[PDB]
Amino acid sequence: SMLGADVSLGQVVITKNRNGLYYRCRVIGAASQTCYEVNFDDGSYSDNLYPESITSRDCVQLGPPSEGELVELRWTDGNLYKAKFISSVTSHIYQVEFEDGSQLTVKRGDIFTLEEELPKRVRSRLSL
């Protein structure tokens, strides 16, 4: 959900465009994305797992497993795998529109609000 989001619809923010420059732009859409972080038995992980992928618990109905809980999941190859559940992360993603009417989907970490202090790297590439 948008619970805890720190950017509002209609907010002016700064982000990098397709062309490499940073511009003001307005937020026109907002969404949340919940992914789980699981540790496979070969030592690898995924922090992009769809909650629906968990087959040892109905996570859509019941919410996430407990941290550290052993789970089973169905991967995108259609096969079942054991893993350790680590955490659930809900992140907010925004759609922005630039002056020219072009649009981009942007993760919160790639947005600057107008109050934040901007990197020198960024101030250098900021269009008027």
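We number the residues from 1 along the sequence you see.
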{"query": "Entry-level comparison of average CA B-factors, 115 to 123 and 19 to 27, reporting the higher stretch", "finding": "115 to 123"}
{"query": "Stretch with the greater mean C-alpha B-factor as recorded in the entry, comparing 62 to 70 against 28 to 36", "finding": "62 to 70"}
{"query": "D100, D47, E52, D42, ranked by C-alpha B-factor: the highest one", "finding": "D100"}
{"query": "Selection from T90, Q95, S87, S56 [criterion: highest C-alpha temperature factor in the record]", "finding": "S56"}
{"query": "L3 - which third its CA temperature factor falls in, relative to the rest of the chain", "finding": "highest"}
